[PDB]
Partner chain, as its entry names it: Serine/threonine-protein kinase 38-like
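Encoded as structure tokens, the following chain is the form solved without the partner chain, with no partner shown.
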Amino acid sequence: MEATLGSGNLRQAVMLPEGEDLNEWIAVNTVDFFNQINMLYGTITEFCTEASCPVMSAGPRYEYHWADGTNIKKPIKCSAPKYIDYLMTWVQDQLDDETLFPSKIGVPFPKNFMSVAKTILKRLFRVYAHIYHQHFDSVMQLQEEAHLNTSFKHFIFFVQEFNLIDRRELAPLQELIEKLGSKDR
């Protein structure tokens, strides 16, 4: 596919820089994908409504109901816009949590960091899946497909590099994922 005009080599971009800490690298990248997705979803919010998306899905057979096991335990079957708002607000709350993503160098990453990072990442994946399945038309109208595709490719190379999401969670975009990159024959 076509990459954005300003993108670089994504396979190299996701590798852990020599001398850098793994937890910190995942933290920096996770913050970045949250921003990339926030940016992309923002461009199509007027096309993702209560009426266009009465439920959160990535194709009919993959429906998502929101729950975070703390504030909301009983899964909520809401519209995509509300589901994504719940989701992104939840991810942002984790990112702003000083005990999870330490703002001070004298504070180590918590023991459950990786687990929290993986949970964030698997959830962010769902926004890409909904966008591709329900709004690729609006993406094409804005002529921003390169941005969505490059961001998604970057995201997938990153999670594959560190095995951060299990294959099964990626089901709705597995075909696309298998097409990413290329066999050198």
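By rigid core we mean the largest C-alpha set that fits within 1.5 Å across both forms. Positions refer to the first chain, counted from 1. Only residues modelled in both forms are compared.
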Please work out which of 160-168 and 20-28 has the higher mean CA B-factor as recorded in the PDB entry. 160-168
Mean C-alpha B factor from the entry: is it higher for 69-77 or for 109-117? 69-77
For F47, the third of its chain by CA B-factor is the highest
Would the CA B-factor of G181 place it in the lowest, middle or highest third of its chain? highest
Sorting the chain's modelled residues by C-alpha B-factor and splitting them into thirds places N149 in the lowest
Within this chain's modelled residues, let me know which third the CA B factor of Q134 belongs to: lowest, middle or highest. middle
Taking only the Cα B-factors deposited for this chain, tell me whether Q141 sits in the lowest, middle or highest third. highest
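As for the form solved in complex with the partner chain, it is not shown, yet the points below apply to it.
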Could you tell me which of 25-33, 130-138, 156-164, 46-54 sits within 4.5 Å of the partner chain in the entry with it bound, going by non-hydrogen atoms? 25-33
is_contact(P102, the partner chain) in the entry with it bound, heavy atom dist at most 4.5 Å: yes
In the entry with it bound, does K118 come within 4.5 Å of the partner chain, counting heavy atoms only? no
Even though the partner chain is not shown here, does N9 get within 4.5 Å of it in the entry with it bound, heavy atoms only? yes
In the entry with it bound, does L40 have a heavy atom within 4.5 Å of the partner chain? yes
Rigid core superposed, CA of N9 - does it shift 2 Å or more between this form and the one not shown? yes
Core-superposed, runs of 3+ residues with CA shift of 2 Å or more between this form and the one not shown span 2-9
